[PDB]
Amino acid sequence: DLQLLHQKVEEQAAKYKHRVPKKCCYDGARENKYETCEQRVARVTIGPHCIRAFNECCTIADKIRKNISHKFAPXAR
């Protein structure tokens, strides 16, 4: 893991009652060098729960990537 990135995303994904929002969580967690979470979620249209899960996991993952950047650490965590 990098800074619990996979642990924290998988923790959130395990909370979802249905497969669509779970998948949208994983989609949100994918890194995108060009767009922030708010820009990306604006393009999601499956439905309300997908939107919320996408944004929740995008926020979790990008906060952790921000922490990783802030730490300036070589290698794994």
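Residues numbered from 1 in each chain as written, not as in the entry; some residues may be left out. Heavy atoms only, no water. Residues with missing side-chain atoms left out of burial classes, pairs and counts.

- As recorded in the PDB header, X-ray crystallography is the method behind this entry, and the stated resolution is 1.309 Å.

- For the protein chain, the name recorded in the PDB entry is Chimeric-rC5a, with Rattus norvegicus as its organism.
- As deposited in the PDB, this entry carries the title "Chimeric Rat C5a".

Observations regarding the nonpolar core
In step 1: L5, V9, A13, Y16, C25, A29, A53, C57, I60, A61 and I64 together form the largest nonpolar core, which totals eleven residues.
In step 2: Secondary-structure elements contributing two or more residues to this core are α1 (5-13), α2 (19-29) and α4 (48-71).
In step 3: In terms of residue count, the dominant contributor to this core is α4 (five residues).
In step 4: If we ignore the near neighbours within four places in the chain, the residues touching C57 are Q12, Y16, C25, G28 and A29.
In step 5: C37, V41, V44 and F54 belong to the second largest nonpolar core, which has seven residues in total. (Core = buried A, V, L, I, M, F, W, Y, C linked by side-chain atoms within 4.5 Å. Buried < 20%, exposed > 50% of the residue type's maximum accessible area, 1.4 Å probe, protein only. Helix = DSSP H or I, 4+ residues; strand = E, 2+ residues; numbered from the N terminus. Contact = heavy atoms within 4.5 Å.)

Considerations on the UniProt feature "disulfide bond" in the protein chain
In step 1: Here the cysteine sulfurs of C24 and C50 are separated by 2.0 Å, meaning the disulfide UniProt annotates for them is intact. Here the residue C24 occupies a position in helix α2, and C50 occupies one in helix α4, the gap between them amounting to 26 residues.
In step 2: You can call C50 buried: its relative accessible area is 3%.
In step 3: A sulfur-sulfur distance of 2.0 Å separates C25 from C57, so the disulfide listed by UniProt for this pair is formed here. With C25 in helix α2 and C57 in helix α4, the pair connects residues that are 32 residues apart, well separated along the chain. Neither residue differs from the other here; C25 and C57 are each classed as buried. (Disulfide = S-S within 2.5 Å. UniProt positions renumbered as here; feature names shortened; annotations may be inferred.)

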